[PDB]
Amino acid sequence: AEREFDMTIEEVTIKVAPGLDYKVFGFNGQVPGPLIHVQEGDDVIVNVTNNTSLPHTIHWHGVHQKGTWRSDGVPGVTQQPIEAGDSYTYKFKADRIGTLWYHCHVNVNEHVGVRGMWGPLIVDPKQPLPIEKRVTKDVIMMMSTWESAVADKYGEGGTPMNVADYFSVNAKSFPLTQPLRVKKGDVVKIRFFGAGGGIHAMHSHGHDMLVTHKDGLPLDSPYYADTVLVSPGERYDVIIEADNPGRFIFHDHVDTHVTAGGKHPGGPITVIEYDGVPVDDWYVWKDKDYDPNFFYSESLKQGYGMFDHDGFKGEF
């Protein structure tokens, strides 16, 4: 089917951690960018308007661009950049399946590294794996890093001379992340993305993960892991069988990454919270204002197209 979407690029500010507001270039004014969810074989048309003061593009990472290389989104290679105030239309066929993503390809070190110019592109295969047919909850986790020194400073950051001192999943640092709420018997598909410039060692307490896909494509030899290393550009899909009721923390195991501006705890941390587990008064998230779509789990159930999320929207 033909899938036509309109995206904008906006100058907005988001809250990454307590005390850290960050100026970003948000697709549809949000970080992560909108979820794009389509079927294998769909013809995609994206009309992009640049409402920022700088040039950008959108590269569709994982999309082959078979006979459509001029929609690959690389400035000086496949197109001239999209200048401030201008528009550009991308057209491609979604013939590559799985967990893909999209991001700006101008000034990548800054724009993708610290300005949040990325989002998920999920292409449903015609032939999912047997285990994928058992999935009851689909979870998107996009990891990135932030340099507090350039929080207020478009045009700076993302160099070896900068210090990445905050770390996140879906643009939040713990405790501003959200729990992953499950029920006993759930079969959870988690899609990890190396969105930023860091490496993340994602570890699930209480469960092993079956690693089923690398960069969206199914492995002939899937393998179990309790810690999955995710590096820039990569995606890994795993399955967790939710067969062990408790509260089980789930986080980046890189020691310096569980900090926020030099203090602990912070970073890419969530908790696998099973329904019906009694809540102790000392539980860190006992009074959580819950967002059920923090990992796009609700949007992933609502059909094919483009999905904004109010929780990811920044302020103008």
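Heads up: residue numbers just count along the shown sequence, starting at 1.
S.K.: Mean C-alpha B-factor higher for 83-91, or for 188-196?
M.R.: Per the PDB entry, the higher value belongs to 83-91.
S.K.: If you average the Cα B factors in the entry, which is higher, 158-166 or 142-150?
M.R.: The entry gives the higher C-alpha B-factor average to 158-166.
S.K.: Looking at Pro128, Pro75, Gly116, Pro120, which has the biggest Cα B factor in the entry?
M.R.: If I rank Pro128, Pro75, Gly116, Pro120 by C-alpha B-factor, first place goes to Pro128.
S.K.: Which one, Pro34, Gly62, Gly26, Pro265, has the peak C-alpha temperature factor per the PDB entry?
M.R.: If I rank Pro34, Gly62, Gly26, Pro265 by C-alpha B-factor, first place goes to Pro265.
S.K.: Within this chain, which third does the Cα B-factor at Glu241 fall in: lowest, middle or highest?
M.R.: According to the entry, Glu241 has a C-alpha B-factor in the chain's middle third.
S.K.: Relative to the other modelled residues of the same chain, rank the CA B-factor of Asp215 and answer lowest, middle or highest third.
M.R.: Bottom third by C-alpha B-factor.
S.K.: Grab the CA temperature factor for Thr68 from the record and place it in the lowest, middle or highest third of its chain.
M.R.: For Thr68, whose C-alpha B-factor we compare with every modelled residue in the chain, the answer is the highest third.
S.K.: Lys172: which third of its chain by C-alpha temperature factor?
M.R.: Answer is lowest: the recorded C-alpha B-factor places it there.
S.K.: Split the chain's modelled residues into thirds by Cα B-factor; is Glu234 in the lowest, middle or highest one?
M.R.: Lowest third - that is where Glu234 ends up once the chain's C-alpha B-factors are sorted.
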